[PDB]
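S.K.: My questions will all concern the structure given below.
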Amino acid sequence: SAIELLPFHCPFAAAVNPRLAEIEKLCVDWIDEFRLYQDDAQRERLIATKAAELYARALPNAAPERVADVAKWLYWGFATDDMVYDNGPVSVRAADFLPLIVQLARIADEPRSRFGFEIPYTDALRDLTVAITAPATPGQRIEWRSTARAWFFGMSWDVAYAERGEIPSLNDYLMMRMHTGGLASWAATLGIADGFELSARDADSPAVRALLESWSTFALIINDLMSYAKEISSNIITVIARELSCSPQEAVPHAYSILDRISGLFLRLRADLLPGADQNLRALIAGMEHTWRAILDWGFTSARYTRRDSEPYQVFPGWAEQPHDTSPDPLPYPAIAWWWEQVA
């Protein structure tokens, strides 16, 4: 059922790598080297995702070769997702998905691992894994391995709900969305490409974990809002509609209220942490700011979510002056309510 989006608030300016053209060329040459498509139409559609531009907006100061290297991860994700999820009228069974997805998790860990059956573009996963991780620090590689596995595990949870034809509760969605969207993996690739790495103390600290989870969650709620029109589940709109027994359109103001409250908490934790932040935590926070803006700027020009080739699936609803839910109270969802304990 059709919805009308509300305008988005973002207090951070647009940013883009000034060598985007070179980044895009490196990525298109890689897409053609590994033939990440079955036909010319698929090739055009994959290029039209503009995965290079999304990373270039998240990494405006990074070396273009390294932005291209991490962009391969997202192009591979799009090319593989356009295959595994387009697997017939019947929904993918979790029992069929799990044995394949653990093989891809293994290749991300150790690309020398090979199997008796491999899906198309597995050679490309080996190549991008080496390209991204070979120049990285040991600590960055450990983070790449753990965050890749968490994403693949998250995907399996989405498959479970799709098989059952069921919608998760809002509390369960708010716990798992950060995993199903692989935003920890995103953050790991920002560190590798931009050349930053959190101390174990910072990475483990509950305030930084709350910063990472709140950012991860609201970023992927924006993803859900931009994707809904094209999708028309486990979309925030469908989850809230079921939770509150209301229409998808009635769910919209609730979705933006949650977005405002989680984004608001992120900004509070950002304000708490920046003064004492070392160069690595400062670099991560910069990457988080650039990612928030990047998702909105790229989201409404990419063919991935909002745009046809033709009238877009989702027109840009505009920019909001302030977030109109300023309630500082913790969200009543005990999977994530602990974030608010970390406000100084």
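S.K.: Quote the charge dipole size of the chain about the Cα centre in Debye, to the nearest 20; the model charges only the Cβ of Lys and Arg (+1) and of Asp and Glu (-1).
M.R.: The dipole magnitude comes to about 420 debye.
S.K.: If the label point is 7 Å along Cα→Cβ of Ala13, which residues in the stretch 275-311 have backbone nitrogen under 20 Å from it?
M.R.: Residues 282-298 qualify, since their backbone N sits under 20 Å from the label point.
S.K.: Now, a different point. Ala207 to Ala134: FRET efficiency via 1/(1 + (r/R0)^6), r the Cβ-Cβ distance, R0 45 Å, to the nearest 0.05?
M.R.: 0.85
S.K.: Another question, if that's okay. Toward the positive end of the charge dipole of the chain, about the Cα centre and with charges on Cβ (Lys, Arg +1; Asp, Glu -1), which of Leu265, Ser146, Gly318 goes farthest?
M.R.: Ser146
S.K.: Which loop-located trypsin sites (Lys or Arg not before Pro) does the stretch 107-199 contain, where loop means any DSSP state but H, G, I, E or B and the Cβ has at most 14 other Cβ atoms within 10 Å?
M.R.: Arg112, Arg114
S.K.: Shifting gears a bit: Tell me the net charge near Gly318. Cut-off is 14 Å between Cβ atoms, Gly318 excluded, with +1 for each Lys or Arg and -1 for each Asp or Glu.
M.R.: Local net charge: -3.
S.K.: log₁₀ I(q)/I(0) of the chain at q = 0.07, 0.13, 0.14, 0.16 Å⁻¹, via Debye over equal Cα point scatterers, no solvent, to two decimals?
M.R.: Values, matching the q order: -0.28, -1.06, -1.26, -1.72.
S.K.: Per-residue ellipticity at 222 nm for the chain, helices alone: DSSP H runs ≥ 4 residues times -39500 (n - 2.57), over residue total, nearest 500 deg cm²/dmol?
M.R.: For the chain, the value works out to -21000 deg cm²/dmol.
S.K.: Test of the criteria: in the stretch 69-143, which chymotrypsin sites (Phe, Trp or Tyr not before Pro) are in a DSSP loop and have at most 11 other Cβ atoms within 10 angstrom of their Cβ?
M.R.: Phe117
S.K.: What is the local net charge at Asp309, summed over the other residues whose Cβ is closer than 14 Å to its Cβ (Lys, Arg +1; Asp, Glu -1)?
M.R.: Summing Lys/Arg as +1 and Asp/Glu as -1 gives +4.
Only the coordinates and a few stated rules stand behind these numbers; no lab work does. Using ideal geometry, Cβ is built from the backbone for each residue, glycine included, and neighbour counts are taken over all protein chains shown.
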